[PDB]
Amino acid sequence: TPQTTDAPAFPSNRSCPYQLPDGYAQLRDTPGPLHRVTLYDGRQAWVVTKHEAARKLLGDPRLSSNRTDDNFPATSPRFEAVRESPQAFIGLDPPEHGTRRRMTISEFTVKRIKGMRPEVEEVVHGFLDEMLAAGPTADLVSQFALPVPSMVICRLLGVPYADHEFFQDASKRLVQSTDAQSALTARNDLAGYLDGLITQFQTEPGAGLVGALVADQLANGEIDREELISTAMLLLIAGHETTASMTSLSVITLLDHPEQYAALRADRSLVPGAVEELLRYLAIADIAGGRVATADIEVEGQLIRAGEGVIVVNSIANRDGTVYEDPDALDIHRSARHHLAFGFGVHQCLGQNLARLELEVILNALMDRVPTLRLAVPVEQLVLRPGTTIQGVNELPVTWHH
Ligand code: HEM
Ligand SMILES: O=C(O)Cc1ccccc1Nc1c(Cl)cccc1Cl
């Protein structure tokens, strides 16, 4: 009996850190905005696989971001045991989404990000000082990719970096949890820690976004204490797992495309466009694409019914050849404008301009200070995270001329 299905298992796992999974190239090539898939629990959902349709559906308020909905298209059991906790604004819809998001936007403006350049540059070069002084070989993830954005986001939040061993471990356990119990434990660890931080700010008002939320909105009853915890937790985790993943994956990708990496080193004005192309090409955050319909939506002759889960797969939409000519070619010189790596619409990544600053500083610093950087193992020996979490590698052995 043939095993062919019209609802393939989703998500798929990468076999090469920067290439579309084989099942995804098939979804990309099949006409139409939507395709049926089967999720880990056997439930069918839709995936959005085309670029303009993805923008349309991310902008449609009939596609709710509410994870507590029984029909939300969960791709693993990660959140099934944490539903008794309030959602951060990533899981809220208007009007609640905006009231919560607006409590945080002041920390992420273009002006604030510009003012953060000296701090980001100091942090990047400090961790490089230490890594290069110890000599090769090193794990780029633990020694550079993770600590840099962790220190930066901690200062933005008012989270003391002295606790980094504890919160970096809990963050990893939650983001990469494979069972509901391990996710619950990691989330509880972070929640109790952040709750104590709130009490400390109530005793001694202090700097950072958490301190600002405690002194203002919490003291006015405009955010619940547990919502503050969830918001701080989202910003802490997103603030260091996403950039760390982009750093390690960009290094792997650039070293696999040496002609472009050399062109990048010779003309640093190409760095901002290279970062956009790497964001498009590596598209690390498909796990942020889930939505649930609260009303019927007709999409080019296909019908999303109320109550159906829909996943906007931005990595596949970013390989739409009607937008990016030869979409599977890495080209740091191409226009990667309009990519969906950060989403689109009211939920478009709050941290996107901090991420862009960090990646530009990081790439320029690696080229300046470690021009002989190379991988210490073959690419095929790296262990890639599965499609049920943020894409990337947990370890990246590197060497250089000592
Ligand atoms: C480094 C590369 C990054 C990528 C690829 C990425 C990806 C994404 C995506 C695709 C979304 C959309 C979520 C949705 O539509 O449901 C999102 C939202 C969000 N991201 Fe980023 N992100 C990155 C960096 C960051 C950083 C550094 C922060 C800092 C805290 C951050 C904080 C957030 C927040 C708070 C949201 C929710 C926005 C909202 O719901 O209004 N992200 N991210
Ligand atoms: O959403 C998941 O399954 C993993 C997870 C856990 C805790 C906090 C955030 C995330 N995911 C996540 C991250 Cl780390 C960044 C941007 C968007 C999303 Cl959905």
Side-chain angles (χ1 to χ4, degrees), residues 17-20 24-25 27-29 33 47-60 63 105 108-114 117 120 238 242-243 245-247 249-254 256-257 259-289 291 299-300 311-364 367 390-391:
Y18 53 79
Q19 218 34 258
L20 266 184
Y24 285 12
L27 294 172
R28 191 265 307 280
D29 292 344
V47 293
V48 188
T49 66
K50 307 297 186 294
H51 187 274
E52 181 62 22
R55 287 172 65 115
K56 182 171 185 68
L57 288 169
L58 287 171
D60 194 331
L63 280 186
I105 59 170
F108 294 94
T109 68
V110 292
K111 186 167 194 180
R112 289 288 261 274
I113 301 316
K114 182 189 174 71
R117 172 181 301 279
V120 177
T242 59
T243 297
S245 296
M246 278 302 300
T247 292
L249 288 174
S250 294
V251 170
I252 295 162
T253 302
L254 288 166
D256 258 21
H257 298 77
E259 298 192 21
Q260 300 187 50
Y261 198 28
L264 192 63
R265 191 172 200 276
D267 182 5
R268 307 302 184 87
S269 73
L270 299 173
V271 173
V275 169
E276 295 309 297
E277 174 70 344
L278 287 162
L279 285 162
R280 175 195 78 92
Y281 201 69
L282 294 173
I284 63 166
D286 284 330
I287 57 162
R291 298 290 191 265
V299 191
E300 306 181 55
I311 305 174
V312 181
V313 190
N314 62 75
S315 68
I316 301 176
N318 283 346
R319 307 301 191 87
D320 189 328
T322 66
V323 182
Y324 306 106
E325 185 173 3
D326 308 291
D328 298 340
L330 181 76
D331 180 5
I332 63 166
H333 302 101
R334 80 160 69 242
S335 170
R337 300 188 64 70
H338 323 299
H339 71 75
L340 285 160
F342 290 124
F344 171 86
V346 299
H347 290 279
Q348 185 158 339
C349 178
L350 175 66
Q352 61 182 324
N353 302 321
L354 175 59
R356 287 174 168 113
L357 170 64
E358 292 173 331
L359 293 169
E360 170 271 309
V361 172
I362 286 164
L363 293 180
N364 273 311
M367 289 185 292
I390 298 289
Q391 305 285 342

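Index from 1, following the sequence. Values reported hereafter were calculated over all heavy atoms of this structure, with side chains retained and with hydrogens, waters and symmetry mates removed.
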Visitor: Would you say the side chain of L58 lies within less than 4.5 Å of the side chain of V346, judging by non-hydrogen atoms?
Guide: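 No, side chains not in contact.
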Visitor: Do you know which two heavy atoms are closest between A54 and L340, and how far apart they sit?
Guide: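 Heavy atoms of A54 and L340 come nearest at CB-CD1, 3.7 Å.
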Visitor: Identify the two heavy atoms, one from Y24 and one from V313, that lie closest to each other, and give their separation to 0.1 Å.
Guide: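 For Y24 and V313, the tightest heavy-atom pair comes out as CE2-CG1, 4.4 Å.
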Visitor: Report yes if the side chains of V312 and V47 come closer than 4.5 Å at any heavy-atom pair, otherwise no.
Guide: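 The answer is no; the side chains never approach within 4.5 Å.
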Visitor: Could you tell me if the side chain of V48 sits less than 4.5 Å from the side chain of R291, heavy atoms only?
Guide: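 Not in contact.
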Visitor: With rounding to the nearest 0.5 Å, note down the distance linking CG in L249 to CG in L279.
Guide: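 Rounded to the nearest 0.5 Å, the CG-CG separation comes out at 11.0 Å.
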Visitor: So which atom in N318 and which in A341 form the shortest heavy-atom distance, rounded to 0.1 Å?
Guide: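 Scanning both residues, the minimum pair turns out to be ND2-N, 3.5 Å.
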Visitor: Any heavy-atom pair between the side chains of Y18 and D256 that's under 4.5 Å?
Guide: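 Touching, per the 4.5 Å side-chain cut-off.
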Visitor: For a quick test of reading the model, state the closest non-hydrogen atom pair linking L354 to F108 and the distance between them.
Guide: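 The answer is CD2-CE2, 4.3 Å.
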Visitor: Look up atom CD1 in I284 and atom OG in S245, then write down how far apart they are to the nearest 0.5 Å.
Guide: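 Answer for the CD1-OG pair, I284 versus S245, is 4.5 Å.
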Visitor: Nearest 0.5 angstrom please: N364 CG to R265 CZ, how far?
Guide: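 Nearest 0.5 Å value for the CG-CZ distance: 10.0 Å.
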Visitor: Does the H257 side chain pair with the main chain of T253, one donor and one acceptor, at a distance under 3.5 Å?
Guide: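 Side chain of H257 to backbone of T253: a pair is present.
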Visitor: Only one of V275, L282, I362 forms a side-chain contact (heavy atoms from CB on, under 4.5 Å) with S250, so which one is it?
Guide: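 With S250 as partner, side-chain contact (heavy atoms from CB on, under 4.5 Å) holds for just one option, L282.
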Visitor: So which heavy atom on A53 is nearest to which on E300, and how close?
Guide: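 Residues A53 and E300, closest heavy atoms: CB-OE2, 4.3 Å.
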Visitor: Are the side chains of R55 and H51 in touch, meaning some heavy atoms are under 4.5 Å apart?
Guide: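 Touching, per the 4.5 Å side-chain cut-off.
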Visitor: Rounded at 0.5 Å granularity, tell me how far CZ in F342 sits from CD in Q348.
Guide: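 Here the interatomic distance stands at 8.0 Å.
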Visitor: When rounded to the nearest 0.5 angstrom, what is the spacing between CG in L330 and CD in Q19?
Guide: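 CD of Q19 is found 9.5 Å from CG of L330.
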Visitor: Are any of the side-chain heavy atoms of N353 and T109 separated by less than 4.5 Å?
Guide: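 Heavy-atom side-chain distance check fails, nothing below 4.5 Å.
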Visitor: Output, in order, the C-alpha distance, side-chain angles, deciding distance and verdict of side chain to side chain contact (heavy atoms under 4.5 Å, CB included) for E360 and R117.
Guide: CA-CA 10 Å; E360 170 271 309; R117 172 181 301 279; 2.8 Å; yes
Visitor: Of all residues at least two apart in sequence or in a different chain, which pass the salt bridge (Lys or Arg N to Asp or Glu O under 4.0 Å) check with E277?
Guide: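 Here the qualifying residues are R280, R334.
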Visitor: Are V323 and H339 close enough, and set up right, to give a side chain to side chain contact (heavy atoms under 4.5 Å, CB included), and what steps lead you there?
Guide: CA-CA 9 Å; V323 182; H339 71 75; over 6 Å; no
Visitor: Does the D286 side chain pair with the main chain of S315, one donor and one acceptor, at a distance under 3.5 Å?
Guide: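 The answer is yes, because a donor-acceptor pair under 3.5 Å joins these two groups.
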Visitor: Who pairs with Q260 by side chain to side chain donor-acceptor pair (under 3.5 Å), at least two apart in sequence or on another chain?
Guide: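 For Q260, no residue satisfies side chain to side chain donor-acceptor pair (under 3.5 Å) once neighbours in sequence are set aside.
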Visitor: How about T49 and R28: do any of their side-chain heavy atoms sit closer than 4.5 Å?
Guide: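 The answer is no, as the side chains (C-beta and beyond) never meet within the 4.5 Å cut-off.
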Visitor: When you measure from the side chain of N314 to the backbone of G343, do you find a donor-acceptor pair of N or O atoms at a distance under 3.5 Å?
Guide: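 No: the side chain of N314 does not pair with the backbone of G343.
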Visitor: In the structure I gave you, are the side-chain heavy atoms of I113 and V120 within less than 4.5 Å of one another anywhere?
Guide: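 Result no, sub-4.5 Å side-chain heavy-atom pair not found.
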Visitor: Evaluate side chain to side chain contact (heavy atoms under 4.5 Å, CB included) for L359 paired with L278, printing each intermediate quantity in order.
Guide: CA-CA 10 Å; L359 293 169; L278 287 162; over 6 Å; no
Visitor: Measuring from atom CD1 of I105 to atom CZ of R112, what distance do you get when rounded to the nearest 0.5 angstrom?
Guide: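 Here the interatomic distance stands at 11.0 Å.
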Visitor: Is the positively charged end of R319 above the ring of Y281, judged by distance under 6.0 angstrom from the centroid and angle within 45° of the axis?
Guide: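 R319 over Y281 ring: yes.
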